[PDB]
Amino acid sequence: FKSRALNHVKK
Amino acid sequence: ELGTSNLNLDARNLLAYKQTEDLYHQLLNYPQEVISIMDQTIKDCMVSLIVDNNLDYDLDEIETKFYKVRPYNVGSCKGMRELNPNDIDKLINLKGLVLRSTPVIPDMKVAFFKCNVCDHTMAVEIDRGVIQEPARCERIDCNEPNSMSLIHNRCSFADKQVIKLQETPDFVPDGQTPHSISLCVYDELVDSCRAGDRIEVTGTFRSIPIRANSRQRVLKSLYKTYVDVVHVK
Amino acid sequence: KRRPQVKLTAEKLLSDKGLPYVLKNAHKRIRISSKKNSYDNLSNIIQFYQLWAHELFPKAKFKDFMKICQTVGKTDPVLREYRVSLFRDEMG
Amino acid sequence: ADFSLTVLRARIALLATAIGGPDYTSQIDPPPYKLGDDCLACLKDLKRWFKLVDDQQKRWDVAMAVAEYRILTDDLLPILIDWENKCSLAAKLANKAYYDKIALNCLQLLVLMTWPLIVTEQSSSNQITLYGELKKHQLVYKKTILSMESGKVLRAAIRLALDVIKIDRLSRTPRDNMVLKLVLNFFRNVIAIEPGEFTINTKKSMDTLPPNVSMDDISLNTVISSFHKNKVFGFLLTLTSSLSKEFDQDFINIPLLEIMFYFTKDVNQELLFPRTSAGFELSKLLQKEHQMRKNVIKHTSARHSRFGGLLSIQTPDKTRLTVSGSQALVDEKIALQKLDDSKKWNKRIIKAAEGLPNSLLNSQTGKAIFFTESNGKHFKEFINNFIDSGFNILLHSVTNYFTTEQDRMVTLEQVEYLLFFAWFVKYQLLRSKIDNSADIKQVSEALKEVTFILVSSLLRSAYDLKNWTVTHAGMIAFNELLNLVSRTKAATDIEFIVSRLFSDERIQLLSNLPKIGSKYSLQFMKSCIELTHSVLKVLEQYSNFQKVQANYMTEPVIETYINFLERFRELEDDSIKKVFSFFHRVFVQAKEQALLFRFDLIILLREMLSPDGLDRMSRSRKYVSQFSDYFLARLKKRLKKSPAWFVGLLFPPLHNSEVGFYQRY
DNA sequence: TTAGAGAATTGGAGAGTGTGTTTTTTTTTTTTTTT
DNA sequence: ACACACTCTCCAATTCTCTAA
Ligand SMILES: [Zn+2]
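- Per the PDB record, this model was obtained through cryo-EM at a reported resolution of 3.5 Å.

What follows is the structure, given as structure tokens:
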């Protein structure tokens with residue numbers, strides 16, 4: 001499955 | 001030196017000085033552009049006085065303020081029933097008696113957006129009544145669609161009020177009853193006038209469409225009309 | 001089929017409407033002065049290039065015009081032939 | 001099946017009561033817990049449920065069951081804390097073995113449940129399903145363990161260690177040494193558990209703290225206070241410092257590396273040195289806020305949003321455009337900008353690192369973490385005593401391990417080593433920059449030849465295999481070594497070390513490195529810049545130089561510099577000083593003027609120099625305006641001497657032999 | 001070192017589908033029948 | 001039937017990779 005983290009999330 | 005922001009101007013002085021004899025006509029025919037030009041002239045002149053005469057006053061304070069011209073004594077007064085569709089967007093002068101005033105209405109001027117995921121924020125300018133919402137969040141690493149959202153109580157607003165003006169009995173036709181017209185007024189002039197007051201005004205005579213229903217963009221063929229005042233006496 | 005997309009291409013640049021206009025006029029268009037600030041003169045240079053870019057190909061934002069130009073500028077041999085022709089004219 | 005699943009859950013629940021319970025004779029409202037029987041078998045079978053079943057089936061279901069029945073919070077902590085407090089009172093006075101057996105086996109489960117979590121394309125679909133939820137439950141674990149009696153379970157774990165400190169190494173059996181590994185393996189987890197990372201399946205393009213958890217429960221600030229009261233820092237300090245004397249180095253010194261990584265991570269050193277104060281700086285910040293407000297006001301119309309007229313602008317060749325709004329009537333700069341801003345398209349865009357916990361490598365570190373005063377001074381004391389006591393002896397051991405084991409490494413151990421080196425060397429340099437009581441000799445093990453080879457070899461191997469995260473960390477470590485060298489040269493063998501550091505092979509590598517940076521994330525390019533600044537400055541003070549500098553100057557380096565410079569709204573005051581230092585080097589000294597006559601530089605200087613961007617009084621404007629003045633003077637001269645450059649300014653320079661030489665000069 | 005041939009990833013054009021719409025006072029001026 | 005909101009689908013524009021001169 002194409003699992004992916006929100007690597008860019010840093011607020 | 002009094003710390004104040006508005007300048008009166010009776011238009012006859014434009015006819016006395018030779019270089020502005022034609023500007024007088026252009027004012028009546030193109031008020032929205034000409035008045036804006038006058039505003040940005042006055043503010044620059046105020047800055048020039050303190051920097052040329054090298055005075056102690058804070059330049060930042062003067063840069064922060066808004067300055068506005070208010071023209072008056074423009075010409076002959078016009079009968080309320082005799083305004084015609086060839087007068088739209090020209091300057092007008094009216095005499096009458098005040099019936100009632102609605103309470104102050106908040107009018108939006110700047111919108112405030114915040115990103116739901118990364119908490120980036122943007123302030124946006126309102127013109128022509130339409131909010132120019134961004135397509136995607138503008139932070140480089142968070143370039144995502146539908147990602148921004150509006151925050152109502154962090155926007156910026158301004159005061160609007162509507163005044164109901166009635167025809168003076170001196171002009172009414174034989175065997176008839178007086179009519180009335182509605183005036184839109186903003187900022188400084190908002191709470192100036194009470195029921196039973198007798199006044200003379202100056203403002204652009206405007207017209208706008210109205211919708212057939214609140215669901216769709218369908219407009220009616222008849223247009224609403226009103227006056228947008230810039231001075232009261 | 002759907003309508004094919006419209007793009008910037010070297011043919012537009014090599015057209016008479018294109019790049020020759022800049023070389024025909026740039027000497028007369030821009031003017032620097034020591035009598036005005038860096039920011040002043042710097043702003044001045046971009047005016048002509050912006051209006052010319054709009055007149056050439058109004059699709060896109062100015063930056064995108066420059067960065068688009070890089071690709072075709074590096075790749076197309078005919079455009080490069082024209083450019084070496086310019087610098088040969090100065091070698092003449 | 002679901003029923004087999006719930007049968008195991010029920011089996012676990014029954015085991016979650018066979019364990020024991022408090023006493024309802026007690027009239028002590030409440031008493032502590034009280035002990036069951038078969039409980040050895042109970043603990044052992046739970047251990048089997050993890051190892052013999054869940055691991056063999058790769059599930060995490062068993063952990064979900066124990067979390068359902070709250071085993072950690074409910075039994076394990078009071079069993080341990082009662083053992084500890086009983087033995088504490090007995091020590092105050094100054095079958096019992098069975099009690100101690102229970103103490104050991106409860107701790108081993110605490111290590112197992114709080115062990116940190118890894119997800120790959122080889123993890124089971126079961127684990128991938130359960131990842132997000134078990135994260136929540138481990139967050140609960142961290143909060144609880146730090147909270148009970150103000151954290152008193154942590155005294156039990158070190159008392160267990162103290163039994164095995166006790167008697168001579170010459171006696172200490174392999175089973176015995178596992179306790180001393182186990183205890184330290186516990187504290188690593190308690191520091192490592194932190195708020196979740198959101199993850200989803202990329203099928204369609206469209207917080208995780210549970211209701212009982214908050215940030216102040218979970219912050220690194222809390223962990224400092226908790227360890228200090230419960231007497232941990234003395235244990236890590238004594239244990240690391242006497243490490244050279246015959247504690248078998250092999251069992252301790254990697255776990256003991258991971259601790260130091262796991263709470264140096266997320267500190268900027270400047271936050272530990274100061275360089276009503278809070279209120280004063282807050283007031284100053286409000287002045288900055290007022291300036292931003294002023295900037296918005298300068299673009300705001302006086303009269304309302306429906307008063308607005310209409311504007312027409314006529315070009316050469318008598319063609320006309322239309323724009324709306326009242327400020328456009330007077331400001332052509334705004335009208336020109338507003339005209340282009342309406343247009344819809346943007347070109348779509350391209351994008352380096354995964355598999356490891358948040359750190360300097362993939363986060364913007366211009367964002368501190370925040371300390372009580374007692375915490376600030378206690379943390380400063382801990383790492384200061386660590387540096388003055390432990391650092392050389394630790395690095396010497398861990399490095400002369402890894403030279404014998406480099407082939408077998410895994411990505412994490414590489415990224416740990418390179419970000420433990422970096423932190424401590426930098427912090428010491430800063431501390432002795434500040435004050436004379438500190439000295440540089442304390443960190444001097446980094447320079448000796450073996451470690452220099454090893455950092456080099458890591459960077460080499462990482463670059464060749466195109467592993468970009470290790471390459472990034474190795475870049476950071478190799479930066480600091482060079483920085484430390486310039487310090488020591490400003491005071492014998494160090495020149496020998498330089499000459500070996502700047503063999504031709506390495507110059508090929510260190511020259512190569514900024515060129516590829518253009519594609520990658522904003523930190524990568526920043527690492528490249530700072531390393532380049534240091535690398536050239538050392539070789540300037542070597543006195544070769546002209547060969548080396550010409551090696552650096554070409555189009556693909558300049559491309560990186562501009563691509564980085566245009567994101568200046570996000571960057572520091574200091575980094576822009578570094579970029580313009582380099583442009584001064586390219587433009588004035590080397591006299592390679594032809595590189596910078598390219599249009600997207602000319603746009604940039606307007607944005608940044610305008611009333612838009614860089615502040616009217618920041619030190620940056622001194623450098624920028626002093627640069628642009630000279631730029632435009634030389635550009636004027638060039639354009640009038642040879643008018644072909646008007647069409648030159650759009651494009652890259654032209655690499656033909658016969659015309660190109662005259663073109664560049 | 002350039003460039004050109006082949007493969008993979010993404011955008012949005014535009015075609016399609018389903019949907020919603022017409023439509024008991026309480027206070028105040030005036031006429032009328034009732035005591 | 002007439003503006004809208006929302007879903008689905010195909011096709012080509014784009015960038016990335018490999019090979020040889
Ligand atoms: Zn965002």
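### Re the overall build of chain C
Reasoning step 1: Within chain C, the secondary structure is distributed over five helices and zero strands.
Reasoning step 2: Secondary structure elements in chain C, listed N-terminal to C-terminal, are α-α-α-α-α.
Reasoning step 3: Over its C-alpha trace chain C gives a radius of gyration of 16 Å, far above what one expects of a compact globule, namely 12 Å for 92 residues.
Reasoning step 4: When its C-alpha atoms are laid out on the principal axes, chain C stretches across 60 × 35 × 20 Å.
Reasoning step 5: When the 92 residues of chain C are sorted by exposure, 39% land in the buried category.

### Digging into the overall build of chain B
Reasoning step 1: What chain B contains, in helices and strands, is four helices and 10 strands.
Reasoning step 2: Ordered by position from the N terminus, the helices and strands of chain B form the series β-α-α-α-α-β-β-β-β-β-β-β-β-β.
Reasoning step 3: On C-alpha atoms alone, chain B measures out to a radius of gyration of 22 Å, which is more than a quarter above the 17 Å that the 2.2 N^0.38 rule sets for 233 residues.
Reasoning step 4: Considering only residue pairs separated by 6 or more positions, chain B has 64% of its internal contacts joining residues 24 or more positions apart.
Reasoning step 5: About 14,900 Å² of surface is accessible on chain B, with carbon and sulfur atoms providing 49% of the total.

### Comments concerning the pattern of salt bridges
Reasoning step 1: Counted under the stated rule, the structure contains 37 salt bridges over all chains.
Reasoning step 2: One salt bridge in this structure joins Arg88(C) and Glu658(D), with 2.7 Å as the shortest N-O distance. Residue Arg88(C) is found in helix α5 (residues 77-91), and its partner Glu658(D) is found in helix α30 (residues 657-664); the two belong to separate chains.
Reasoning step 3: Among the residues examined, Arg88(C) registers a relative accessible area of 41% and is labelled partly exposed.
Reasoning step 4: Residue classification places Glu658(D) among the partly exposed residues on the basis of a relative accessible area of 45%.
Reasoning step 5: One salt bridge connects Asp23(D) with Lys34(D), and the closest N-O pair in it is separated by 2.8 Å. Taken together, the residues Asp23(D) in the loop between α1 (2-18) and α2 (39-57) and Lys34(D) in the loop between α1 and α2 connect sequence positions 11 residues apart.

### Details of the coordination of the zinc ion
All names here are of chain B.
Reasoning step 1: Surrounding the zinc ion are the protein donor atoms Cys-115 (SG), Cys-118 (SG), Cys-137 (SG) and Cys-142 (SG), at 2.3 Å.
Reasoning step 2: Mapping the donors of the zinc ion onto the primary sequence yields the spacing C-x2-C-x18-C-x4-C. Highlighted residues: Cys-118 in the loop between β4 (105-115) and β5 (121-125) and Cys-137 in the loop between β5 and β6 (148-150), separated in sequence by 19 residues.
Reasoning step 3: We classify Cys-118 as buried; its relative accessible area is 3%.
Reasoning step 4: The exposure class assigned to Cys-137 is buried, which follows from its relative accessible area of 1%.

### Thoughts on the nonpolar core
Reasoning step 1: Grouped together as the largest cluster of nonpolar side chains are 134 residues, with contacts concentrated most on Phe227(D), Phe420(D) and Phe424(D).
Reasoning step 2: Element by element, the count of residues in this core is highest for helix α18 (residues 411-434) of chain D, at 12 residues.
Reasoning step 3: Of all hydrophobic cores here, the second largest spans 72 residues; its members include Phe57(C), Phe597(D), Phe627(D) and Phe651(D).

### What to know about the interface of chain A and chain D
Reasoning step 1: Every contact between the two is made by 10 residues of chain A and, on the other side, 10 residues of chain D.
Reasoning step 2: For the pair chain A and chain D, the summed buried surface comes to about 1,000 Å²; carbon and sulfur atoms form 48% of the total.
Reasoning step 3: On inspection of chain A and its partner chain D, the count reaches zero salt bridges.
Reasoning step 4: Sheet topology places strand β1 (residues 3-5) of chain A next to strand β1 (residues 199-201) of chain D; three bridges connect them, and they run antiparallel.

### A word on the environment of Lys24(C)
Reasoning step 1: Position of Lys24(C) relative to the elements: it lies in helix α2 (residues 19-29).
Reasoning step 2: Considering only alpha carbons, one finds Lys24(C) and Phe62(C), 38 residues apart in sequence, at a separation of 22 Å.

### A look at the protein's contact with DNA strand F
Reasoning step 1: Around DNA strand F, the structure places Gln216(B), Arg217(B), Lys1(C), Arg2(C), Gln5(C), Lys7(C), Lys347(D) and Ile350(D).
Reasoning step 2: Among all atoms of DNA strand F positioned within 4 Å of the protein, those belonging to sugar or phosphate total 97%.
Reasoning step 3: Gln216(B) is positioned such that a nitrogen or oxygen atom in its side chain is 2.8 Å from a sugar or linking oxygen of DNA strand F.
Reasoning step 4: For the surface near DNA strand F, the class distribution of residues is one nonpolar, two polar and five charged.

### Focus on the interface of chain D and chain C
Reasoning step 1: Residue-level contacts link 36 residues of chain D with 36 residues of chain C.
Reasoning step 2: When the two sides are added together, the surface that chain D and chain C hide from each other amounts to roughly 4,200 Å², 70% of it contributed by carbon and sulfur.
Reasoning step 3: Counting the surface chain D buries against chain C, the share from its top three residues, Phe646(D), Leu650(D) and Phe651(D), is 16%.
Reasoning step 4: Taken together, chain D and chain C are joined by one salt bridge.
Reasoning step 5: Linking chain D with chain C are 14 residue pairs in polar contact.
Reasoning step 6: For the side of chain D that touches chain C, the leading source of residues is helix α27 (residues 599-609) of chain D, giving six residues.
Reasoning step 7: Its residues assigned to classes, the side of chain D that touches chain C shows 20 nonpolar, eight polar and eight charged.

### What about the protein's contact with DNA strand E?
Reasoning step 1: Taken together, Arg215(B), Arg2(C), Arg3(C), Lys74(C), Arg80(C) and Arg348(D) make up the full set of residues near DNA strand E.
Reasoning step 2: Protein-adjacent atoms of DNA strand E, using a 4 Å cutoff, are sugar or phosphate at a proportion of 90%.
Reasoning step 3: Note that a phosphate oxygen of DNA strand E is positioned 2.7 Å from one of the side-chain N or O atoms of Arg348(D).
Reasoning step 4: A class-by-class count of the residues in the surface near DNA strand E yields no nonpolar, no polar and six charged.

### A closer look at the pairing of strand β2 (residues 310-314) of chain D
Reasoning step 1: Here β2(D) runs beside strand β3 (residues 320-324) of chain D; their pairing, made up of five bridges, is antiparallel. In the sheet register, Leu311(D) faces β3(D), and the bridge partner there is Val323(D).

### Structural notes on a positive patch on the surface
Reasoning step 1: A cluster of like positive charges, contributed by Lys44(D), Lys47(D), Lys101(D) and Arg175(D), occupies part of the molecular surface.
Reasoning step 2: Tracing the sequence through the fold places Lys44(D) in helix α2.

### Quick word on α1(D)
Residue and element names in this part refer to chain D.
Reasoning step 1: Helix length check: α1, at 17 residues, gives a terminal C-alpha distance of 24 Å against a target of 24 Å (1.5 Å per residue), a fit within 8%.
Reasoning step 2: Buried within α1 we find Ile-12, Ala-13 and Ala-16. Buried positions in α1, seen along its axis, are confined to an arc of 105° and lie on one side of it. Turned more than 90 degrees off the buried face of α1, the exposed positions are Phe-3, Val-7 and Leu-14.
Reasoning step 3: As for α1, its buried residues are in contact with α3 (61-68) and α4 (71-93).

Cut-offs used in this document
- Residues numbered from 1 in each chain as written, not as in the entry; some residues may be left out.
- Chains lettered and ligands numbered in written order.
- Part of a larger assembly, values for the part shown.
- Heavy atoms only, no water.
- Helix = DSSP H or I, 4+ residues; strand = E, 2+ residues; numbered from the N terminus.
- Rg over C-alpha atoms; globule rule 2.2 N^0.38 Å.
- Buried < 20%, exposed > 50% of the residue type's maximum accessible area, 1.4 Å probe, protein only.
- Contact = heavy atoms within 4.5 Å.
- Areas by Shrake-Rupley, 256 points an atom, 1.4 Å probe, with all protein chains shown as cover.
- Salt bridge = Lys/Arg side-chain N within 4 Å of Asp/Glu carboxyl O.
- Donors = N, O, S within 2.8 Å, 3.2 Å for Na, K, Ca; no water.
- Core = buried A, V, L, I, M, F, W, Y, C linked by side-chain atoms within 4.5 Å.
- Buried area = accessible area lost by both parts, 1.4 Å probe.
- Pairing = 2+ DSSP bridges.
- Near = heavy atom within 4 Å.
- Polar contact = N/O pair within 3.5 Å; in protein donor to acceptor, adjacent residues only side chain to side chain.
- Nonpolar A, V, L, I, M, F, W, Y, C, P; charged D, E, K, R; others polar.
- Patch = residues over 30% accessible without salt bridge, like charges linked within 9 Å, V, L, I, M, F, W, Y side chains within 5 Å.
- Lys, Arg positive; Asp, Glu negative; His and termini not counted.
- Charge placed at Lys NZ, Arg CZ, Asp CG, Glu CD.
- Expected span 1.5 Å × (residues − 1).
- Arc of directions from axis to C-beta.

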